[PDB]
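In: let me see the structure of the following:
(chains A, B, C, D, E, F, G and H, ligands or ions: 28)
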Amino acid sequence: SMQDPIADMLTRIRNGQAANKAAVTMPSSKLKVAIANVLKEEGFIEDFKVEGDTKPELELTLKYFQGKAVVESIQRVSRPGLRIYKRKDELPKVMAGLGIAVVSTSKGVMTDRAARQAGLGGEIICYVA
Amino acid sequence: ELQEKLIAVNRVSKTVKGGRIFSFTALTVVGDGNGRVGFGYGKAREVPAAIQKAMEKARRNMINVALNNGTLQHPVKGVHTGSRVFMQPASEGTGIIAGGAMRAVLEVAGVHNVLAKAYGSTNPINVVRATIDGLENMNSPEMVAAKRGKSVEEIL
Amino acid sequence: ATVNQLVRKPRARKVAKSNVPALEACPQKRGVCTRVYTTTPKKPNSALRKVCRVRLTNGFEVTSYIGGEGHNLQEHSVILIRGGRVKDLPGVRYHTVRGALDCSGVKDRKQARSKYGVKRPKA
Amino acid sequence: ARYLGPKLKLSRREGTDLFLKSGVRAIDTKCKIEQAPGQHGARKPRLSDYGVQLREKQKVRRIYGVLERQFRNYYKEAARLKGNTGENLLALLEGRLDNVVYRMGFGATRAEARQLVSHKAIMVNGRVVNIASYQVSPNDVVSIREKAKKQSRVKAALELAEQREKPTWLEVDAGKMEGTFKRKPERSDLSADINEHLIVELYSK
Amino acid sequence: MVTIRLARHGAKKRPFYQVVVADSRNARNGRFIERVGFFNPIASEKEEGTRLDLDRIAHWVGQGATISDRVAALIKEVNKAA
Amino acid sequence: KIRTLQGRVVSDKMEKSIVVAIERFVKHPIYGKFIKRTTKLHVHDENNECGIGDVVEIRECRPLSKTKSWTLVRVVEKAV
RNA sequence: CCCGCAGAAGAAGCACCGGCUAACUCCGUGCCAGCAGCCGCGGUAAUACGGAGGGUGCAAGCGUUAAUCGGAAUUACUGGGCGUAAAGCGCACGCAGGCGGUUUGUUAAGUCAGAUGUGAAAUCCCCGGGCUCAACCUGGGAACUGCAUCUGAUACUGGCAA
RNA sequence: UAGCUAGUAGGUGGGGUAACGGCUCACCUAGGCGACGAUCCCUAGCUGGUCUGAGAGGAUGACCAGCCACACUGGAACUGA
Ligand SMILES: [Mg+2]
Ligand SMILES: [Mg+2]
Ligand SMILES: [Mg+2]
Ligand SMILES: [Mg+2]
Ligand SMILES: [Mg+2]
Ligand SMILES: [Mg+2]
Ligand SMILES: [Mg+2]
Ligand SMILES: [Mg+2]
Ligand SMILES: [Mg+2]
Ligand SMILES: [Mg+2]
Ligand SMILES: [Mg+2]
Ligand SMILES: [Mg+2]
Ligand SMILES: [Mg+2]
Ligand SMILES: [Mg+2]
Ligand SMILES: [Mg+2]
Ligand SMILES: [Mg+2]
Ligand SMILES: [Mg+2]
Ligand SMILES: [Mg+2]
Ligand SMILES: [Mg+2]
Ligand SMILES: [Mg+2]
Ligand SMILES: [Mg+2]
Ligand SMILES: [Mg+2]
Ligand SMILES: [Mg+2]
Ligand SMILES: [Mg+2]
Ligand SMILES: [Mg+2]
Ligand SMILES: [Mg+2]
Ligand SMILES: [Mg+2]
Ligand SMILES: [Mg+2]
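Out: Residues are numbered from 1 along each chain as shown, chains lettered A, B, ... in the order given. Ligands and ions are numbered 1, 2, ... in the order given. Now the structure:
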């Protein structure tokens, strides 16, 4: 069974970057758009779109740079078997600041850099380095 | 400018109809004092002819490392076949906290302040390959500005 | 391995033993000699190793190597043992202290001399 | 607590002059400086990692005359202070009282600068101080006191102290025999053939 | 009863005296309710050696604490100083 | 105002008394997993209103018995 | 603590030197006498045993044994593995347990933020202060990862509902 | 070591204590605890701390300070805040 529909979103990115896929398609969700919005404003993916009325279907336009993948590493952290919460001074750094860590804070999902500024921590989603 | 260090020298053998025949592997590493680092491997019947070949094969297949001031830019890992290797940036005062063949490839590289650890095998041949593997995928504060179409100050 | 498997049954550490069980976490023990004898070692070595059989105060009956060249031990002698095994003699786990309580030191010794219980010669 | 063996026998093991003699006469006329001491001294075997980490650490102890448990604590106090550990270490050695007596030239060598201190002939802030290991904050004036200000060896050592290259960061007089510790030394004004980072990596195991 | 007394916490030949609010049945260097100051007889010049939190000493006396005979000289001194 | 606790009725076979298991949901001190824990309490109910499966809310009081120092306040979710 | 006097006087040992591991040569034995933490040494040229000269390391201490943790990612939460090196139950069904697609509302248990009450002193750390320096002693903080309580957030997990 | 428990588990009333309470007794009910480890055996004074380690941890509880227990062994009360 699909226990973890967010780890499949990161897996389908990670697998498509190694296959030089122009785009990856997947089922849509409310949580998948908020992750794919942080993935575009921070710059890792070029575009995202969602089509469908009864059952929507998201589609990420994957991004490449000079012949290699922009998403260099993408990892699940707070899996269904182990949840990870950090206070606002316990927030992780990924690649010494040269890579973001998508966090679920109470004012919407944002990055870790934006969540230190808000003065509030949250559940860590993933490391997109 | 090409400074040089030889790491290990070991005697190998080979059985024939007559008997056993010996020969000498010699493992080096080179580097100038900034990001260009290389290494070579030569094998011959006699040791001065085999440190010759390894130091000759080291002066080519040099590779660039985007150095920071005297150190790394972020934590990084590197594997080659037996040896997983961790090395970590540091601040001016702690020196090369490393060891083995991992120490020598770090001296001629141009880097002076590391924290580091060797896990797995510490075969000196493979562990110089797992540390070049870790230095080569260390990415600068401006190659990530180029990658996401950004300026460095928006990344800090 | 998995995080539910380490809750229900945690990781368990191997309880390490000791190879000097008659000292019983004591540095030295006083014993009484019961047989002085010699013994040939295992192969590839070849000698006549000088080693006695001691009755310790805590009740244990162990063999104990007598180091150095020449000694003055008899039966019913009262010596002090310390630990550390002689490798090539299978069964010997203890050494004797030369220069402690009945044992005299090595005669004519001038090097590594504290190890063998010899007063400093004045020259 | 002091090295009481031959002086130039330690310079021969390390390789250069550690300045343990006053140098009126030339060191290449008194001891064979580029040979190790002993029967097997001319042979130079190839030295390892632990050799050159230890040889560098012995070289900086033997210049200044500190022993090991007191030199071990200079490493744990250089590391505790803020900033660069190995550069903090030399600033501790350069704050000893028998070193200020040698940088101000009141003694001939660092041991005769020590025995000026060891026999109660050195004031600090107008107070008699006996210890060779008094750490000196800046602005602390240090002087020959009036008890020993006529000794035949102090101004005879100032004739040597002109011949040595003067330290930048201090001040001293020729007739008044007082000296001011104006600041603690910058690293570039220390000698640059001391490989201070090897001592760090030896202790930082 | 609750008392304000001294407590010897120093090195040998160099006494230092923590003044502490304690229950009077305990030991000298043992259990106490509240540290309310200190006193040093081997104090130097140009520094402080005798400091007493008087906001609490007036509290506990009106509560009903007693005062040591030696503290009652230190309250006599600091009420010369100001 | 009062430090109160919900719980679940586990048995009510002794009279003017109920036993109440109170679930708590607390992290592990090593692994970081969350684990359901269970605390039973003997509760004094007067007038014998509680039955099995019934959620209840309780409060702490003076000791009524050897094992009984909790008393309820109200009842929710009687039925199935 | 200080002032003086006479006098270099009264005041240096312990381990180690084949590789690991800083430090090498002659002579004595001759698989003997011995060494030894591991690998190993000794059967007639022993940088390995015993003595010497020389050297190295620490030093009023230096060794040895005992005990602890570290190296050991060698019980791995951080942080390992299971085709052949040890390691997938012979195969299955299934209760407790673990985990659970997608939208909306509500709730606020987990989660998060701030405040309050407690977290003894000493110790650890930071910046100072005093014994000639140091050890040692003391002033102010910081810390004490926690726990309760009150108000607020609602992204995510749980509860209830469609 | 997988079953343990009869004042045992709760109820009502009398006594009792400085005070709540099976604390004690009479009477009723037939419960209570346990796989989230009851019972049983082996060991052990607890903490603030200490030692080790980059950390997470692992080992430890000598001095100093907090709390408990005993005063030759096994029992018992008296006087008194
Ligand atoms: Mg290995
Ligand atoms: Mg020796
Ligand atoms: Mg430092
Ligand atoms: Mg050897
Ligand atoms: Mg060597
Ligand atoms: Mg030997
Ligand atoms: Mg032969
Ligand atoms: Mg010979
Ligand atoms: Mg471990
Ligand atoms: Mg071990
Ligand atoms: Mg393995
Ligand atoms: Mg197998
Ligand atoms: Mg199978
Ligand atoms: Mg099945
Ligand atoms: Mg769900
Ligand atoms: Mg909450
Ligand atoms: Mg909170
Ligand atoms: Mg404290
Ligand atoms: Mg001071
Ligand atoms: Mg919610
Ligand atoms: Mg929901
Ligand atoms: Mg009753
Ligand atoms: Mg009553
Ligand atoms: Mg006991
Ligand atoms: Mg470690
Ligand atoms: Mg007795
Ligand atoms: Mg009794
Ligand atoms: Mg009375």
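In: what is the burial count for the closest residue to residue D:34 other than its chain neighbours?
Out: Leaving out its chain neighbours, the residue that sits closest to residue D:34 by C-beta to C-beta, 6 or more residues apart in numbering or on different chains is residue D:15, at 7.4 Å. In short, each C-beta sits where N, CA and C put it, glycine included. By the criterion of other C-beta atoms under 10 Å in any protein chain shown, residue D:15 has 13 neighbours.
In: cool, and residue D:35?
Out: Residue D:35, neighbours per other C-beta under 10 Å, totals 12.
In: roughly how far apart are it and residue D:9?
Out: Note on residue D:35: its distance to residue D:9, by C-beta to C-beta, to the nearest Å, is 11 Å.
In: surely residue B:140 and residue B:72 touch.
Out: No - contact criterion C-beta atoms under 8 Å: residue B:140 and residue B:72 do not qualify, at 10.9 Å.
In: the two: who's more crowded?
Out: Ranked by neighbour count (other C-beta under 10 Å), residue B:140 and residue B:72 place residue B:72 first, with 23 against 16.
In: list the contacts for the residue lying closest to that one once chain neighbours are set aside?
Out: Spatial nearest neighbour of residue B:72, excluding adjacent residues (C-beta to C-beta, 6+ apart): residue B:89 at 3.7 Å. Residues near residue B:89 by C-beta atoms under 8 Å, 6 or more residues apart in numbering or on different chains: A:96, B:68, B:71, B:72, B:73, B:74, B:75, B:113, B:114, B:115.
In: state the distance from residue B:89 to residue B:75.
Out: Taking C-beta to C-beta, one finds residue B:89 at 7 Å from residue B:75.
In: just checking, what's the longest helix in chain A?
Out: Longest helix in chain A, counting residues (DSSP state H): helix A:5-18.
In: quick check, that helix touching RNA strand G?
Out: Yes - if you take C-beta under 7 Å from any atom of the strand as the test, helix A:5-18 does meet RNA strand G, through residue A:5.
In: identify the contacts common to residue B:89 and residue B:75.
Out: residue A:96.
In: got the domain ranges for chain A?
Out: A:1-71, A:72-129 (CATH domains of a matching chain).
In: deepest-packed of these, please.
Out: When you average the neighbours per residue for each of the domains of chain A (mean count of other C-beta atoms under 10 Å in any protein chain shown), domain A:72-129 leads with a mean of 17.
In: what is the end-to-end distance of it?
Out: 6 Å (C-alpha to C-alpha, to the nearest Å).
In: next, see if it gets close to chain B.
Out: Yes - Domain A:72-129 is in contact with chain B by C-beta under 8 Å from any C-beta of the partner chain, via A:72, A:95, A:96, A:97, A:98, A:99, A:113.
In: which one of these is nearest residue C:29?
Out: residue A:96 (57.3 Å; C-beta to C-beta).
In: now the nearest residue to residue B:44 once chain neighbours are set aside: how far from residue D:46?
Out: Among residues not flanking residue B:44 along the chain, residue B:50 sits closest, at 3.9 Å (C-beta to C-beta, 6+ apart). From residue B:50 across to residue D:46, the span is 17 Å (C-beta to C-beta).
In: pretty sure residue B:127 sits in a helix.
Out: Yes - under DSSP: H, G, I helix; E, B strand; the rest coil, residue B:127 sits within a helix.
In: contacts for stretch F:5-20?
Out: Residues contacting stretch F:5-20 (C-beta under 8 Å, 6+ apart): F:21-23, F:40-46, F:48, F:50-59, F:65, F:68, F:70, F:72.
In: tell me how far the ends of it are from each other?
Out: 10 Å.
In: hmm, back to that, now the longest helix of chain A, how far from the centre of its chain.
Out: 10 Å (C-alpha atoms, centre = their mean, to the nearest Å).
In: who does it touch, helix- and strand-wise?
Out: Helices and strands touching helix A:5-18, by 3 or more C-beta pairs under 8 Å, 6 or more residues apart in numbering or on different chains; DSSP states H and E, are strand A:23-27, helix A:30-41, strand A:74-76, strand A:122-128.
In: could you rerun that using 10 Å?
Out: Applying 3 or more C-beta pairs under 10 Å, 6 or more residues apart in numbering or on different chains; DSSP states H and E, one finds that helix A:5-18 makes contact with strand A:23-27, helix A:30-41, strand A:57-61, strand A:68-69, strand A:74-76, strand A:122-128.
In: what residues does residue 22 make contact with?
Out: As the question left the chain open, I've gone with chain A. A:16, A:61, A:62, A:64 (C-beta atoms under 10 Å, 6 or more residues apart in numbering or on different chains).
In: should've been chain E
Out: Residue E:22 sits in contact with E:2-5, E:7, E:28, E:30-35, E:65, where contact means C-beta under 10 Å, 6+ apart.
In: most neighbours among these, which one?
Out: Going by other C-beta under 10 Å, residue E:4 tops the contacts of residue E:22 with 24 neighbours.
In: which SS state does the residue positioned nearest the centre of chain B fall under?
Out: Of all residues in chain B, the one closest to the mean position by C-alpha atoms, centre = their mean is residue B:105, 3.8 Å from it. At residue B:105 the chain is in helix, as set by three-state DSSP.
In: over to the one 10 residues further on?
Out: When the structure is split into helix, strand and coil by three-state DSSP, residue B:115 lands in strand.
In: number of nearby residues for it?
Out: By other C-beta under 10 Å, neighbour count at residue B:115 equals 17.
In: so what's the closest residue to it other than its chain neighbours up against?
Out: Spatial nearest neighbour of residue B:115, chain neighbours left out: residue B:88 (4.2 Å); criterion: C-beta to C-beta, 6+ apart. Going by C-beta under 10 Å, 6+ apart, residue B:88 touches A:96, B:71, B:72, B:74, B:75, B:76, B:97, B:113, B:114, B:115, B:116, B:117.
In: near RNA strand H, from the residues you listed?
Out: residue B:117.
In: buried ones among the contacts of residue B:88?
Out: B:71, B:72, B:74, B:75, B:76, B:97, B:113, B:114, B:115, B:116 (16 or more other C-beta atoms under 10 Å in any protein chain shown).
In: so the residue nearest to residue B:44 touches residue B:8, yeah?
Out: No - with contacts counted by C-beta atoms under 10 Å, residue B:50 stays clear of residue B:8, the gap being 11.7 Å.
In: can you list residues touching both of these two?
Out: With C-beta under 10 Å, 6+ apart as the test, residue B:50 and residue B:8 both reach B:25, B:26, B:27.
In: quickly find the element holding the first one.
Out: What it means is residue B:25. Taking DSSP states H and E as the criterion, residue B:25 maps to strand B:20-31.
In: where's that strand relative to the chain centroid, distance-wise?
Out: 16 Å.
In: following it, which helix or strand comes up?
Out: Using DSSP H and E, the first helix or strand after strand B:20-31 is strand B:37-38.
In: packing partners of the helix or strand following that next one?
Out: Per DSSP H and E, the first helix or strand lying C-terminal to strand B:37-38 is strand B:41-44. Here strand B:41-44 touches strand B:20-31, helix B:47-59, going by 3+ C-beta pairs under 10 Å, 6+ apart.
In: of the ones you listed, which stretch is the most buried?
Out: Counting by mean count of other C-beta under 10 Å, the most buried of those turns out to be strand B:20-31, with a mean of 19.
In: so is that one next to chain D?
Out: No - residues of strand B:20-31 are not located near chain D by C-beta under 10 Å from any C-beta of the partner chain, the shortest gap being 14.4 Å.
In: what strands line up against that strand, and which way round?
Out: Strand B:20-31 has the following strand partners under DSSP bridges: strand B:3-15 (antiparallel), strand B:37-38 (antiparallel), strand B:41-44 (antiparallel).
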